[PDB]
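In order, the protein sequence lines correspond to chains B and A. Going letter by letter, the first sequence gives residues 1 to 41 in PDB author numbering. Going letter by letter, the second sequence gives residues 1 to 41 in PDB author numbering. Have a look at the structure below, then the notes.
Number of protein chains: 2
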Amino acid sequence: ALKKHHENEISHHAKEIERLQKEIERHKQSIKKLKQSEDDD
Amino acid sequence: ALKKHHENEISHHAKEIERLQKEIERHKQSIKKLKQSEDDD
């Protein structure tokens, strides 16, 4: 156990960049739906 | 003040999708730098 810990922090950053991207999309759907609904009345 | 509150929640979702996207990139830089550094030794 010398440089094995790096693989740990690496796996976390992976699920963080992928999980972060998905989270942004969600917020993009709410802002896109609320912005498109505001155009109509 | 009937349908003005919508513009508020809308502005927030905007800075949330843009701020969220930027946050993902950051995590992508740390995972890309840690993954590229692991390939070398």
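C-beta: ideal position from N, C-alpha, C; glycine also.
At a beta-carbon threshold of 7 Å, none of the residues of chain A lie near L2 of chain B; the nearest stands roughly 12 Å away. Proximity of chain B to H6 of chain A at the Cβ level (cut-off 9 Å) is accounted for by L34, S37 and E38, in chain order. In this structure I31 of chain B is in contact with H13 of chain A, their Cβ atoms being roughly 3 Å apart against a cut-off of 8 Å. In this structure, DSSP gives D40 of chain B a state outside helix and strand, which the three-state scheme calls coil.
In this structure, the straight-line span from the alpha carbon of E7 of chain A to that of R19 of chain B is close to 28 Å.
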